[PDB]
Amino acid sequence: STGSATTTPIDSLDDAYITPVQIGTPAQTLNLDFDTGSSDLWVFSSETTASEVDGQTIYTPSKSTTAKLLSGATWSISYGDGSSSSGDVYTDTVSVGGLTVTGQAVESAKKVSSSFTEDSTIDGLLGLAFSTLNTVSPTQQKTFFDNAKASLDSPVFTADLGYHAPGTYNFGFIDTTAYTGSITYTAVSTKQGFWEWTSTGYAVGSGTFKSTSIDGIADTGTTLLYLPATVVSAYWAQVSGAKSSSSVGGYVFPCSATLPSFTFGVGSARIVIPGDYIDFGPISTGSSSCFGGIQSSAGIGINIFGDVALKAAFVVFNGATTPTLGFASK
């Protein structure tokens, strides 16, 4: 089997992407944030505290003839941005782009943190990291991809995120028309539960490529590109007026600036992020200070190839017995 679904930016900055997901019988369609940096499929639901729902579409398990409570199971998650959610668990039928999994753990939120409530466009998350990170207790549950894998034509999914435009998540096949050139594959460590890999270096604008190993994770659920402070300083030094602002929380630059591109290495190959992709707009409405899309990871503990980087590529998440990542230009 295969599946194919369009993913759509939630706003004009590409802050996140939502993909329609069918849950239950009859289907309840929720727009989920597919997140290769986490491993829980959780949804706003009829069980979510009413004051914490503000415009999201909810899953109502009592209206699904295929829903079953997973007795005793609870979940609780905290993300790198400080947000969180928790609740209980049902199993139900879940379909993405025509690919159906029966008995998928659907984690129903009883509580969500304010950032989720305040984002009416995201009805939940669909995790695509390794199932070892799944938070369900006392019996850890498998991701949608893990459950689907054996049925797929090939044990892979691909992320093709758009710049200010829709893109595609495919399951079970490589669309060879969706990228240019060849796909360069690179080794993955699953030791932290992430799609963790090592970039071979970087360049700023038309500058020379610096060969240096940068370990990080491919994370569709993170907006920006978080890299070591040395790398980030080298980038923003090429933007007149750019500076790191403790009060704003990162590098800012004059909105009148033209940003240079940023290149990252994948083996001997190179992925070029156009300068425009690094502009995240005014820090507040009407400001002439703009927020940068490349930020320091120094306070995170891990480097994160978030959407800024991933949307410059066609990305293969190869879930074979030894997983690997593939990147192509597009």
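Residues numbered from 1 in each chain as written, not as in the entry; some residues may be left out. Heavy atoms only, no water. Residues with missing side-chain atoms left out of burial classes, pairs and counts.

In terms of determination method and resolution, the entry is listed under X-ray crystallography at 1.1700 Å.

Going by the PDB entry, the protein carries the name Endothiapepsin and comes from Cryphonectria parasitica. Per the header of the deposited record, the title is "PanDDA analysis group deposition -- Auto-refined data of Endothiapepsin for ground state model 35, DMSO-Free".

Engineer: Please explain the state of the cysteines as it appears in this structure.
Structural biologist: The bond known as a disulfide is covalent and runs between the sulfur atoms of two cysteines. In total, this model carries 1 disulfide according to the counting rule given. Note on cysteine connectivity: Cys255 is disulfide-linked to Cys290, with sulfurs 2.0 Å apart. Taking the sign of the S-S torsion, 110° for the link of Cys255 and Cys290, the bridge is right-handed. Linking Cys255 in the loop between β16 (250-254) and β17 (262-266) with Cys290 in strand β20 (residues 289-292), this pair joins segments that are 35 residues apart in sequence. Residue class for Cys255 comes out partly exposed when judged on its relative accessible area of 26%. (Disulfide = S-S within 2.5 Å. Helix = DSSP H or I, 4+ residues; strand = E, 2+ residues; numbered from the N terminus. Buried < 20%, exposed > 50% of the residue type's maximum accessible area, 1.4 Å probe, protein only.)

Engineer: When you look at the sheet that holds β17 in this model, what are you seeing that I'm missing?
Structural biologist: Pairing between sheet strands relies on hydrogen bonds along the backbone, with the strands arranged either parallel or antiparallel. Reading across from one edge, β18-β17-β12-β13-β22-β14-β21 is the order of the 7 strands in this open sheet, with mixed pairing throughout. Edge positions in the sheet fall to β18 (269-273) and β21 (294-296), since each of these pairs with one other strand and no more. For this sheet the average axis-to-axis angle between neighbouring strands, irrespective of direction, equals 45°. Pairing geometry for strand β13 (residues 210-218) and strand β22 (residues 303-305), over 3 bridges, is parallel. Residue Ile217 lies in a different strand from β22, and its bridge partner there is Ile304. Across the sheet, helix α3 (residues 229-236) is in contact with β12 (196-204), β13, β14 (225-227), β17 and β21; its angle to β21 comes to roughly 140°. (Pairing = 2+ DSSP bridges. Axes fitted to C-alpha atoms, helices over the stretch in contact; angles between N-to-C directions. Contact = heavy atoms within 4.5 Å.)

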